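Source file run.pdb; content: PDB, C-alpha atoms and all ligand atoms.
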ATOM      1  CA  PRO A   1      -9.284  -7.920 -54.617
ATOM      2  CA  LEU A   2     -12.923  -8.096 -53.471
ATOM      3  CA  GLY A   3     -14.585  -6.340 -56.406
ATOM      4  CA  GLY A   4     -11.486  -6.570 -58.591
ATOM      5  CA  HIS A   5     -12.508  -9.490 -60.788
ATOM      6  CA  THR A   6      -9.981 -11.163 -63.114
ATOM      7  CA  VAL A   7      -7.113 -10.911 -60.643
ATOM      8  CA  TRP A   8      -4.673 -12.341 -63.204
ATOM      9  CA  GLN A   9      -4.558  -8.920 -64.903
ATOM     10  CA  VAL A  10      -5.040  -6.493 -61.978
ATOM     11  CA  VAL A  11      -1.713  -7.461 -60.378
ATOM     12  CA  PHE A  12      -0.078  -5.100 -62.892
ATOM     13  CA  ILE A  13      -1.312  -2.011 -61.036
ATOM     14  CA  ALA A  14      -0.350  -3.566 -57.687
ATOM     15  CA  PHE A  15       3.150  -4.482 -58.863
ATOM     16  CA  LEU A  16       3.775  -1.064 -60.428
ATOM     17  CA  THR A  17       2.484   0.711 -57.316
ATOM     18  CA  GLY A  18       4.787  -1.283 -55.044
ATOM     19  CA  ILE A  19       7.810  -0.401 -57.175
ATOM     20  CA  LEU A  20       6.967   3.309 -57.090
ATOM     21  CA  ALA A  21       6.410   3.194 -53.324
ATOM     22  CA  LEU A  22       9.786   1.488 -52.852
ATOM     23  CA  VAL A  23      11.606   4.093 -54.960
ATOM     24  CA  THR A  24      10.091   6.973 -52.978
ATOM     25  CA  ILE A  25      11.105   5.397 -49.663
ATOM     26  CA  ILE A  26      14.552   4.349 -50.908
ATOM     27  CA  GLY A  27      15.263   7.661 -52.627
ATOM     28  CA  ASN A  28      14.149   9.911 -49.773
ATOM     29  CA  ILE A  29      15.914   7.872 -47.075
ATOM     30  CA  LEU A  30      19.142   8.248 -49.062
ATOM     31  CA  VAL A  31      18.788  12.037 -48.838
ATOM     32  CA  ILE A  32      18.369  11.800 -45.061
ATOM     33  CA  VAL A  33      21.267   9.421 -44.417
ATOM     34  CA  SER A  34      23.604  11.222 -46.839
ATOM     35  CA  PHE A  35      23.054  14.410 -44.833
ATOM     36  CA  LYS A  36      24.068  12.667 -41.602
ATOM     37  CA  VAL A  37      27.171  10.862 -42.880
ATOM     38  CA  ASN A  38      28.618  13.658 -45.063
ATOM     39  CA  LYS A  39      30.128  16.506 -43.047
ATOM     40  CA  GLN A  40      30.244  18.951 -45.970
ATOM     41  CA  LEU A  41      26.510  18.433 -46.600
ATOM     42  CA  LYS A  42      25.523  19.508 -43.067
ATOM     43  CA  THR A  43      25.009  23.147 -44.073
ATOM     44  CA  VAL A  44      22.014  25.393 -43.526
ATOM     45  CA  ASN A  45      21.394  25.250 -47.296
ATOM     46  CA  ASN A  46      20.570  21.531 -47.111
ATOM     47  CA  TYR A  47      18.156  21.923 -44.178
ATOM     48  CA  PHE A  48      15.341  22.624 -46.647
ATOM     49  CA  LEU A  49      16.224  19.490 -48.627
ATOM     50  CA  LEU A  50      16.145  17.451 -45.410
ATOM     51  CA  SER A  51      12.746  18.946 -44.561
ATOM     52  CA  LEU A  52      11.537  18.215 -48.100
ATOM     53  CA  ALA A  53      12.643  14.580 -47.802
ATOM     54  CA  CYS A  54      10.829  14.162 -44.474
ATOM     55  CA  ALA A  55       7.493  15.133 -46.032
ATOM     56  CA  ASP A  56       8.103  12.891 -49.050
ATOM     57  CA  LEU A  57       9.032   9.975 -46.775
ATOM     58  CA  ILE A  58       5.630  10.163 -45.058
ATOM     59  CA  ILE A  59       3.904  10.226 -48.453
ATOM     60  CA  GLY A  60       5.893   7.237 -49.697
ATOM     61  CA  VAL A  61       5.352   5.107 -46.597
ATOM     62  CA  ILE A  62       1.729   5.773 -45.607
ATOM     63  CA  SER A  63       0.012   7.802 -48.332
ATOM     64  CA  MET A  64       1.171   5.661 -51.263
ATOM     65  CA  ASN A  65       0.388   2.372 -49.470
ATOM     66  CA  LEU A  66      -2.951   3.031 -47.754
ATOM     67  CA  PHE A  67      -4.236   4.434 -51.053
ATOM     68  CA  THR A  68      -3.305   1.179 -52.810
ATOM     69  CA  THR A  69      -5.484  -0.851 -50.458
ATOM     70  CA  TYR A  70      -8.303   1.550 -51.386
ATOM     71  CA  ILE A  71      -7.838   0.739 -55.101
ATOM     72  CA  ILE A  72      -7.407  -3.039 -55.322
ATOM     73  CA  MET A  73      -9.852  -3.526 -52.444
ATOM     74  CA  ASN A  74     -12.569  -1.270 -53.819
ATOM     75  CA  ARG A  75     -13.852   0.024 -50.458
ATOM     76  CA  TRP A  76     -12.501   1.420 -47.190
ATOM     77  CA  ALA A  77     -12.070  -1.197 -44.439
ATOM     78  CA  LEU A  78     -10.601   0.749 -41.533
ATOM     79  CA  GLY A  79     -13.481   2.703 -39.965
ATOM     80  CA  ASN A  80     -14.578   6.301 -39.633
ATOM     81  CA  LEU A  81     -11.869   7.295 -37.142
ATOM     82  CA  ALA A  82      -9.158   5.652 -39.224
ATOM     83  CA  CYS A  83      -9.493   7.447 -42.592
ATOM     84  CA  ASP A  84      -9.727  10.972 -41.194
ATOM     85  CA  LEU A  85      -6.249  10.302 -39.813
ATOM     86  CA  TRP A  86      -5.134   9.116 -43.258
ATOM     87  CA  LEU A  87      -6.678  12.089 -45.071
ATOM     88  CA  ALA A  88      -5.246  14.573 -42.567
ATOM     89  CA  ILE A  89      -1.755  13.047 -42.664
ATOM     90  CA  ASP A  90      -1.691  12.631 -46.450
ATOM     91  CA  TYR A  91      -3.000  16.128 -47.202
ATOM     92  CA  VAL A  92      -0.768  17.868 -44.650
ATOM     93  CA  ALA A  93       2.330  16.010 -45.865
ATOM     94  CA  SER A  94       1.463  16.701 -49.509
ATOM     95  CA  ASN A  95       0.986  20.381 -48.665
ATOM     96  CA  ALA A  96       4.268  20.368 -46.730
ATOM     97  CA  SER A  97       6.202  19.117 -49.767
ATOM     98  CA  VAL A  98       4.801  21.896 -51.961
ATOM     99  CA  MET A  99       5.419  24.489 -49.243
ATOM    100  CA  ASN A 100       8.987  23.194 -48.890
ATOM    101  CA  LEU A 101       9.515  23.715 -52.628
ATOM    102  CA  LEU A 102       8.230  27.284 -52.283
ATOM    103  CA  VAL A 103      10.754  27.926 -49.502
ATOM    104  CA  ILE A 104      13.469  26.236 -51.580
ATOM    105  CA  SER A 105      12.700  28.448 -54.584
ATOM    106  CA  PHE A 106      12.878  31.568 -52.406
ATOM    107  CA  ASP A 107      16.169  30.418 -50.871
ATOM    108  CA  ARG A 108      17.571  29.760 -54.348
ATOM    109  CA  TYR A 109      16.273  33.103 -55.634
ATOM    110  CA  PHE A 110      17.890  35.231 -52.924
ATOM    111  CA  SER A 111      21.156  33.289 -53.317
ATOM    112  CA  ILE A 112      21.377  34.349 -56.985
ATOM    113  CA  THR A 113      20.281  37.988 -56.720
ATOM    114  CA  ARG A 114      22.183  38.573 -53.444
ATOM    115  CA  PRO A 115      25.272  36.325 -53.492
ATOM    116  CA  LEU A 116      27.078  38.594 -51.007
ATOM    117  CA  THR A 117      24.109  39.555 -48.827
ATOM    118  CA  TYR A 118      21.548  36.789 -48.290
ATOM    119  CA  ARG A 119      23.357  33.650 -47.122
ATOM    120  CA  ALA A 120      25.304  35.628 -44.510
ATOM    121  CA  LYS A 121      22.210  36.910 -42.694
ATOM    122  CA  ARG A 122      20.145  33.734 -43.207
ATOM    123  CA  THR A 123      21.444  31.614 -40.318
ATOM    124  CA  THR A 124      20.364  28.357 -38.679
ATOM    125  CA  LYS A 125      17.793  30.145 -36.512
ATOM    126  CA  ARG A 126      16.449  31.827 -39.665
ATOM    127  CA  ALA A 127      15.976  28.574 -41.587
ATOM    128  CA  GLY A 128      13.980  27.182 -38.663
ATOM    129  CA  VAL A 129      11.147  29.671 -39.104
ATOM    130  CA  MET A 130      11.321  29.028 -42.858
ATOM    131  CA  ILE A 131      10.926  25.283 -42.301
ATOM    132  CA  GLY A 132       8.580  25.809 -39.360
ATOM    133  CA  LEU A 133       6.167  28.008 -41.300
ATOM    134  CA  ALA A 134       6.010  25.467 -44.137
ATOM    135  CA  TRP A 135       4.835  22.688 -41.806
ATOM    136  CA  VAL A 136       2.678  24.788 -39.460
ATOM    137  CA  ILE A 137       0.736  26.426 -42.301
ATOM    138  CA  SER A 138       0.398  23.043 -44.010
ATOM    139  CA  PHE A 139      -0.890  21.719 -40.680
ATOM    140  CA  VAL A 140      -3.675  24.245 -40.189
ATOM    141  CA  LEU A 141      -5.039  24.256 -43.716
ATOM    142  CA  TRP A 142      -6.444  20.700 -44.022
ATOM    143  CA  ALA A 143      -6.260  18.870 -40.687
ATOM    144  CA  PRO A 144      -8.675  21.068 -38.658
ATOM    145  CA  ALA A 145     -11.031  21.134 -41.650
ATOM    146  CA  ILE A 146     -10.685  17.444 -42.556
ATOM    147  CA  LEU A 147     -10.966  16.050 -39.025
ATOM    148  CA  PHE A 148     -13.713  18.290 -37.621
ATOM    149  CA  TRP A 149     -15.973  18.866 -40.642
ATOM    150  CA  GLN A 150     -18.280  16.017 -39.604
ATOM    151  CA  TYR A 151     -18.218  17.281 -36.001
ATOM    152  CA  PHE A 152     -18.988  20.915 -36.932
ATOM    153  CA  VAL A 153     -21.667  21.086 -39.659
ATOM    154  CA  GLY A 154     -24.299  18.369 -39.451
ATOM    155  CA  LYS A 155     -22.763  14.910 -39.117
ATOM    156  CA  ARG A 156     -20.846  12.387 -41.214
ATOM    157  CA  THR A 157     -21.999  12.512 -44.839
ATOM    158  CA  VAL A 158     -19.663  10.248 -46.858
ATOM    159  CA  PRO A 159     -20.866   6.690 -47.514
ATOM    160  CA  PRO A 160     -19.562   4.197 -44.941
ATOM    161  CA  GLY A 161     -17.865   2.077 -47.611
ATOM    162  CA  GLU A 162     -15.943   4.983 -49.168
ATOM    163  CA  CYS A 163     -13.740   7.803 -47.903
ATOM    164  CA  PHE A 164     -12.961  11.337 -49.058
ATOM    165  CA  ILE A 165     -12.452  14.835 -47.692
ATOM    166  CA  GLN A 166     -16.235  15.499 -47.366
ATOM    167  CA  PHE A 167     -15.974  19.301 -47.721
ATOM    168  CA  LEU A 168     -15.000  19.188 -51.404
ATOM    169  CA  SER A 169     -18.720  19.138 -52.260
ATOM    170  CA  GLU A 170     -19.137  22.814 -51.349
ATOM    171  CA  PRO A 171     -17.520  25.002 -54.044
ATOM    172  CA  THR A 172     -16.393  27.606 -51.501
ATOM    173  CA  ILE A 173     -13.801  26.052 -49.182
ATOM    174  CA  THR A 174     -12.410  23.842 -51.961
ATOM    175  CA  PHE A 175     -11.485  26.931 -53.998
ATOM    176  CA  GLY A 176      -9.890  28.526 -50.941
ATOM    177  CA  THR A 177      -7.901  25.388 -50.156
ATOM    178  CA  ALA A 178      -6.952  24.758 -53.798
ATOM    179  CA  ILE A 179      -5.529  28.223 -54.485
ATOM    180  CA  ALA A 180      -3.737  28.359 -51.123
ATOM    181  CA  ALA A 181      -2.127  24.961 -51.823
ATOM    182  CA  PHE A 182      -1.413  24.766 -55.569
ATOM    183  CA  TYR A 183      -2.295  27.866 -57.592
ATOM    184  CA  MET A 184      -0.470  30.412 -55.420
ATOM    185  CA  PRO A 185       2.760  28.344 -55.081
ATOM    186  CA  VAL A 186       2.796  27.634 -58.833
ATOM    187  CA  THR A 187       2.626  31.342 -59.679
ATOM    188  CA  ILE A 188       5.432  32.226 -57.261
ATOM    189  CA  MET A 189       7.720  29.348 -58.272
ATOM    190  CA  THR A 190       7.289  30.065 -61.988
ATOM    191  CA  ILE A 191       7.959  33.782 -61.470
ATOM    192  CA  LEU A 192      11.013  33.164 -59.276
ATOM    193  CA  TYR A 193      12.607  30.642 -61.645
ATOM    194  CA  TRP A 194      11.971  32.908 -64.634
ATOM    195  CA  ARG A 195      13.683  35.667 -62.645
ATOM    196  CA  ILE A 196      16.510  33.241 -61.830
ATOM    197  CA  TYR A 197      16.973  32.398 -65.515
ATOM    198  CA  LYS A 198      17.144  36.077 -66.489
ATOM    199  CA  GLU A 199      20.222  36.482 -64.262
ATOM    200  CA  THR A 200      22.034  33.280 -65.261
ATOM    201  CA  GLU A 201      22.017  34.450 -68.884
ATOM    202  CA  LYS A 202      22.964  37.957 -67.729
ATOM    203  CA  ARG A 203      26.005  36.633 -65.854
ATOM    204  CA  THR A 204      27.335  34.712 -68.861
ATOM    205  CA  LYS A 205      26.549  37.694 -71.103
ATOM    206  CA  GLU A 206      28.827  40.005 -69.108
ATOM    207  CA  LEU A 207      31.601  37.389 -69.110
ATOM    208  CA  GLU A 208      21.918  29.262 -70.330
ATOM    209  CA  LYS A 209      23.111  25.916 -71.684
ATOM    210  CA  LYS A 210      22.290  24.155 -68.401
ATOM    211  CA  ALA A 211      19.986  26.774 -66.861
ATOM    212  CA  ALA A 212      17.357  26.191 -69.553
ATOM    213  CA  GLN A 213      17.582  22.406 -69.187
ATOM    214  CA  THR A 214      17.539  22.301 -65.380
ATOM    215  CA  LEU A 215      14.878  24.950 -64.725
ATOM    216  CA  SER A 216      12.500  23.489 -67.318
ATOM    217  CA  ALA A 217      12.979  19.968 -65.927
ATOM    218  CA  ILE A 218      12.126  20.886 -62.328
ATOM    219  CA  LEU A 219       9.072  23.032 -63.120
ATOM    220  CA  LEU A 220       7.525  20.542 -65.552
ATOM    221  CA  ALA A 221       7.909  17.750 -62.989
ATOM    222  CA  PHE A 222       5.871  19.774 -60.490
ATOM    223  CA  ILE A 223       3.351  20.946 -63.097
ATOM    224  CA  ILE A 224       2.680  17.549 -64.689
ATOM    225  CA  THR A 225       2.254  15.612 -61.431
ATOM    226  CA  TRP A 226       0.012  18.146 -59.659
ATOM    227  CA  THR A 227      -2.134  19.878 -62.288
ATOM    228  CA  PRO A 228      -4.529  16.995 -63.185
ATOM    229  CA  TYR A 229      -5.728  16.574 -59.596
ATOM    230  CA  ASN A 230      -6.135  20.322 -59.045
ATOM    231  CA  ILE A 231      -8.152  20.606 -62.271
ATOM    232  CA  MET A 232     -10.465  17.643 -61.662
ATOM    233  CA  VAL A 233     -11.120  18.637 -58.040
ATOM    234  CA  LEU A 234     -12.471  22.023 -59.151
ATOM    235  CA  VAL A 235     -14.641  20.444 -61.854
ATOM    236  CA  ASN A 236     -15.926  17.842 -59.385
ATOM    237  CA  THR A 237     -17.471  20.555 -57.197
ATOM    238  CA  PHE A 238     -19.461  22.236 -59.972
ATOM    239  CA  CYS A 239     -20.231  19.002 -61.829
ATOM    240  CA  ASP A 240     -21.975  15.959 -60.345
ATOM    241  CA  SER A 241     -20.853  12.707 -62.009
ATOM    242  CA  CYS A 242     -19.081  13.692 -65.239
ATOM    243  CA  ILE A 243     -15.615  12.818 -63.868
ATOM    244  CA  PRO A 244     -15.014   9.048 -64.190
ATOM    245  CA  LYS A 245     -13.849   7.202 -61.092
ATOM    246  CA  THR A 246     -10.854   5.757 -62.953
ATOM    247  CA  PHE A 247      -9.784   9.204 -64.174
ATOM    248  CA  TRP A 248     -10.089  10.664 -60.669
ATOM    249  CA  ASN A 249      -7.920   7.917 -59.161
ATOM    250  CA  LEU A 250      -5.122   8.417 -61.700
ATOM    251  CA  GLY A 251      -4.882  12.121 -60.887
ATOM    252  CA  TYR A 252      -4.976  11.247 -57.193
ATOM    253  CA  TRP A 253      -2.153   8.749 -57.732
ATOM    254  CA  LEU A 254      -0.195  11.146 -59.964
ATOM    255  CA  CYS A 255       0.401  13.508 -57.027
ATOM    256  CA  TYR A 256       2.495  10.872 -55.238
ATOM    257  CA  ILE A 257       4.900  10.840 -58.206
ATOM    258  CA  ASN A 258       6.238  14.239 -57.118
ATOM    259  CA  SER A 259       7.597  12.661 -53.929
ATOM    260  CA  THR A 260       9.392  10.034 -56.027
ATOM    261  CA  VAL A 261      10.879  12.648 -58.372
ATOM    262  CA  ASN A 262      11.746  15.336 -55.789
ATOM    263  CA  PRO A 263      15.087  13.762 -54.679
ATOM    264  CA  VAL A 264      16.174  13.793 -58.337
ATOM    265  CA  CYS A 265      15.324  17.423 -59.137
ATOM    266  CA  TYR A 266      16.775  18.955 -55.970
ATOM    267  CA  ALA A 267      19.352  16.636 -54.378
ATOM    268  CA  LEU A 268      20.935  15.087 -57.487
ATOM    269  CA  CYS A 269      21.540  18.599 -58.843
ATOM    270  CA  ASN A 270      24.252  19.028 -56.208
ATOM    271  CA  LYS A 271      27.435  17.156 -57.105
ATOM    272  CA  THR A 272      28.158  16.441 -53.429
ATOM    273  CA  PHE A 273      24.829  14.658 -52.918
ATOM    274  CA  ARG A 274      25.362  12.744 -56.169
ATOM    275  CA  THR A 275      28.752  11.464 -54.998
ATOM    276  CA  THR A 276      27.393  10.428 -51.592
ATOM    277  CA  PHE A 277      24.455   8.523 -53.106
ATOM    278  CA  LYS A 278      26.824   6.357 -55.152
ATOM    279  CA  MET A 279      29.042   5.876 -52.093
ATOM    280  CA  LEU A 280      26.170   4.413 -50.060
ATOM    281  CA  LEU A 281      24.500   2.515 -52.912
ATOM    282  CA  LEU A 282      27.574   0.804 -54.393
ATOM    283  CA  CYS A 283      30.000   0.380 -51.465
ATOM    284  CA  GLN A 284      27.485  -0.135 -48.668
ATOM    285  CA  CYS A 285      28.545   1.638 -45.478
TER     286      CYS A 285
HETATM  287  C1  LIG B 301      -0.558  29.478 -48.186
HETATM  288  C2  LIG B 301       0.398  30.267 -49.066
HETATM  289  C3  LIG B 301       0.051  30.043 -50.531
HETATM  290  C4  LIG B 301       0.218  31.748 -48.740
HETATM  291  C5  LIG B 301       1.337  32.233 -47.843
HETATM  292  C6  LIG B 301       2.671  32.115 -48.568
HETATM  293  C7  LIG B 301       3.779  32.125 -47.529
HETATM  294  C8  LIG B 301       3.570  30.976 -46.558
HETATM  295  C9  LIG B 301       5.165  32.029 -48.182
HETATM  296  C10 LIG B 301       5.217  32.717 -49.566
HETATM  297  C11 LIG B 301       6.282  33.809 -49.473
HETATM  298  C12 LIG B 301       7.233  33.232 -48.439
HETATM  299  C13 LIG B 301       8.263  34.163 -47.826
HETATM  300  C14 LIG B 301       9.186  34.705 -48.905
HETATM  301  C15 LIG B 301      10.269  35.504 -48.286
HETATM  302  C16 LIG B 301      10.658  35.353 -47.033
HETATM  303  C17 LIG B 301      11.761  36.212 -46.499
HETATM  304  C18 LIG B 301      12.848  35.328 -45.890
HETATM  305  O1  LIG B 301      13.834  36.149 -45.288
HETATM  306  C19 LIG B 301      14.805  36.649 -46.125
HETATM  307  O2  LIG B 301      14.833  36.240 -47.274
HETATM  308  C20 LIG B 301      15.742  37.657 -45.526
HETATM  309  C21 LIG B 301      17.041  36.946 -45.176
HETATM  310  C22 LIG B 301      16.914  36.049 -43.931
HETATM  311  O3  LIG B 301      16.439  34.889 -44.100
HETATM  312  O4  LIG B 301      17.287  36.530 -42.846
HETATM  313  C23 LIG B 301      12.224  34.463 -44.794
HETATM  314  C24 LIG B 301      11.188  33.547 -45.441
HETATM  315  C25 LIG B 301      10.056  34.361 -46.076
HETATM  316  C26 LIG B 301       9.315  35.147 -44.987
HETATM  317  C27 LIG B 301       9.084  33.385 -46.786
HETATM  318  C28 LIG B 301       8.169  32.686 -45.764
HETATM  319  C29 LIG B 301       7.059  31.855 -46.407
HETATM  320  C30 LIG B 301       6.258  32.751 -47.349
HETATM  321  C31 LIG B 301       5.638  33.954 -46.598
HETATM  322  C1  LIG B 302      -4.884  14.226 -52.922
HETATM  323  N1  LIG B 302      -3.412  14.209 -52.707
HETATM  324  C2  LIG B 302      -3.137  14.161 -51.244
HETATM  325  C3  LIG B 302      -2.841  12.994 -53.348
HETATM  326  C4  LIG B 302      -2.807  15.445 -53.313
HETATM  327  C5  LIG B 302      -2.783  16.558 -52.362
HETATM  328  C6  LIG B 302      -2.749  17.465 -51.604
HETATM  329  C7  LIG B 302      -2.693  18.595 -50.681
HETATM  330  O1  LIG B 302      -3.071  19.789 -51.368
HETATM  331  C8  LIG B 302      -2.380  20.094 -52.475
HETATM  332  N2  LIG B 302      -2.807  20.041 -53.708
HETATM  333  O2  LIG B 302      -1.876  20.755 -54.517
HETATM  334  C9  LIG B 302      -0.652  20.975 -53.772
HETATM  335  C10 LIG B 302      -0.969  20.569 -52.348
END

Would you mind giving the structure from this file in structure tokens?
Ligand SMILES: CC(C)CCC[C@@H](C)[C@H]1CC[C@H]2[C@@H]3CC=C4C[C@@H](OC(=O)CCC(=O)O)CC[C@]4(C)[C@H]3CC[C@]12C
Ligand SMILES: C[N+](C)(C)CC#CCOC1=NOCC1
Amino acid sequence: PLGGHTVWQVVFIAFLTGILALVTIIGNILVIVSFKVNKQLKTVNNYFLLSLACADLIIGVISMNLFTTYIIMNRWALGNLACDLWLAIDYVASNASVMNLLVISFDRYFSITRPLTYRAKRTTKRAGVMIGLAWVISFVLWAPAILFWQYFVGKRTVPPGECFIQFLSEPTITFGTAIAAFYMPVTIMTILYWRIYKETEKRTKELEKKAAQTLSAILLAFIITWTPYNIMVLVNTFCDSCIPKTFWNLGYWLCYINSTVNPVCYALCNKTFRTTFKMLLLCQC
């Protein structure tokens, strides 16, 4: 606890955090193992879901746990060359999950507008570059900047007892990294799913009850759990100390909720994944 006085009441945030970390690990592992044990699920369509679960597994295991030690124990206790690894891994994995959703939305979009054209040409070797580009671009957007910022301009500038990205102070690279990570994917995903909805209602018109419910549930989950951090980070650059520390931490923690919810909005939609989850959970095999 260190600085966390009155420990009898601060265990609530520790207990809740542990539950949410367990759900993310349990939920995302189920996606991975269901893919392996179910033959019908081993299609090129589910490769993106497997890639999405891999990024969320890293967030649930390392990002959601090492951040908890930073909260209850109100200072970093790992060293300079131990938090740059955490920041690089957490930010790359968080970017990978969002980039995986962007690839998933594109794959879904072309499967609705081109039912007889897209999935035939998009083969296993074509989904590799789709998955590969999501991780490679997520790799070189934060990690070279996070790791080598202290080694490139001046020296280390963050206080020794704390830890953060250390280039968020300048309101130039933070805008470039924010739009390339959140604002651009949000615009594309919203446009693509609105386009998807316009064709689901068109199909039933020629021949919306579940399209409106499902599409609004998946977009709001991404919007709610990612917007507060991307709004406070931009304000933090222009402002100096008007963002409370407690409010900043909640938005930082709210991003990890997307990893918990992702297996529900993308895997549980498929009836084959839903059956396999109950098979493993109830009758352990
Ligand atoms: C950092 C981000 C905000 C800027 C760069 C965005 C790109 C990384 C994303 C957005 C649009 C995505 C593309 C949308 C459409 C396609 C076409 C798609 O190919 C097809 O749909 C044709 C059928 C086939 O797959 O063979 C391959 C993935 C790709 C290049 C996607 C790759 C990843 C892209 C370029
Ligand atoms: C700070 N946290 C790692 C929890 C969130 C993050 C990140 C990486 O960048 C992105 N922000 O919006 C989408 C991806």

ask   = Neighbours of ligand LIG 302 (chain B) within 8 Å, counting all atoms listed in the file, as a list in words?
value =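 Based on all atoms listed in the file, ligand LIG 302 (chain B) is surrounded within 8 Å by residues 63, 87, 90, 91, 92, 93, 94, 95, 96, 97, 98, 142, 177, 178, 181, 182, 183, 226, 227, 229, 230, 251, 252, 253, 254, 255 and 256 of chain A.
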
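Taking all atoms listed in the file into account, the protein and nucleic acid residues that come at most 6 Å from ligand LIG 301 (chain B) are residues 106, 118, 121, 122, 126, 130, 180, 181, 184 and 185 of chain A.
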
query = Near residue A:68, within 10 Å and counting all atoms listed in the file, which residues show up once chain neighbours fewer than 2 positions away are dropped, as a list in words?
reply = residues 13, 14, 17, 18, 21, 62, 63, 64, 65, 66, 70, 71, 72, 73, 74 and 253 of chain A

Pick from A:207, A:83, A:168, A:261, whichever lies nearest to residue A:53 using all atoms listed in the file =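 Using all atoms listed in the file, residue A:53 sits closest to A:261.
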
query = Excluding same-chain residues fewer than 6 positions from residue A:215, what lies within 9 Å of it counting all atoms listed in the file, as a ChimeraX atom specification?
reply = /A:193-194,196-197

inquiry  = Please report the interatomic distance between atom CA of residue A:132 and atom CA of residue A:50 in Å with one decimal.
reply    =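 Spanning atom CA of residue A:132 to atom CA of residue A:50 is a straight-line distance of 12.8 Å.
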
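Each of A:190, A:172, A:28, A:40 was checked against residue A:105 using all atoms listed in the file; the smallest atom-to-atom distance is that of A:190.
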
query = What do you get, as JSON, numbers by chain, if you spell out every residue that the PyMOL selection byres (((chain A and resi 274-277) around 9) and not hetatm) selects here?
reply = {"A": [30, 31, 34, 35, 37, 38, 267, 268, 269, 270, 271, 272, 273, 278, 279, 280, 281, 282]}

Residues as selected, C-alpha atoms, written as a short mmCIF file (atom, residue, chain, number, x, y, z; two decimals), keeping the file's coordinate frame, can you do that?
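Contents of the output file selection01.cif:
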data_model
loop_
_atom_site.label_atom_id
_atom_site.label_comp_id
_atom_site.auth_asym_id
_atom_site.auth_seq_id
_atom_site.Cartn_x
_atom_site.Cartn_y
_atom_site.Cartn_z
CA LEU A 30 19.14 8.25 -49.06
CA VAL A 31 18.79 12.04 -48.84
CA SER A 34 23.60 11.22 -46.84
CA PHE A 35 23.05 14.41 -44.83
CA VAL A 37 27.17 10.86 -42.88
CA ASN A 38 28.62 13.66 -45.06
CA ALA A 267 19.35 16.64 -54.38
CA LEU A 268 20.94 15.09 -57.49
CA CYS A 269 21.54 18.60 -58.84
CA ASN A 270 24.25 19.03 -56.21
CA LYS A 271 27.44 17.16 -57.10
CA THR A 272 28.16 16.44 -53.43
CA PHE A 273 24.83 14.66 -52.92
CA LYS A 278 26.82 6.36 -55.15
CA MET A 279 29.04 5.88 -52.09
CA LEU A 280 26.17 4.41 -50.06
CA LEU A 281 24.50 2.52 -52.91
CA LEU A 282 27.57 0.80 -54.39
#

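Interatomic distance, atom CA of residue A:60 against atom CA of residue A:262: 11.7 Å.
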
message = Need to verify the contact set: residue A:171, 12 Å, only C-alpha atoms, exclusion of same-chain residues closer than 3 positions in sequence. Can you return it as a list in words?
response =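 Surrounding residues, per the criterion: residues 166, 167, 168, 174, 175, 176, 177, 178, 233, 234, 235, 236, 237, 238, 239 and 240 of chain A.
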
task = Translate the PyMOL selection byres (((chain A and resi 144) around 12) and not hetatm), as applied to the file shown, into an explicit residue set as a ChimeraX atom specification.
result = /A:84-85,87-89,91-92,136-143,145-152,165,167

key: Resolved residues for the PyMOL selection byres (((chain A and resi 198) around 12) and not hetatm) as a list in words   =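 With the shown file as input, the PyMOL selection byres (((chain A and resi 198) around 12) and not hetatm) matches residues 109, 112, 113, 191, 192, 193, 194, 195, 196, 197, 199, 200, 201, 202, 203, 204, 205, 208, 211, 212 and 215 of chain A.
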
Residue nearest residue A:259 among A:209, A:225, A:107, A:48 (counting only C-alpha atoms) =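 The closest residue to residue A:259 is A:225.
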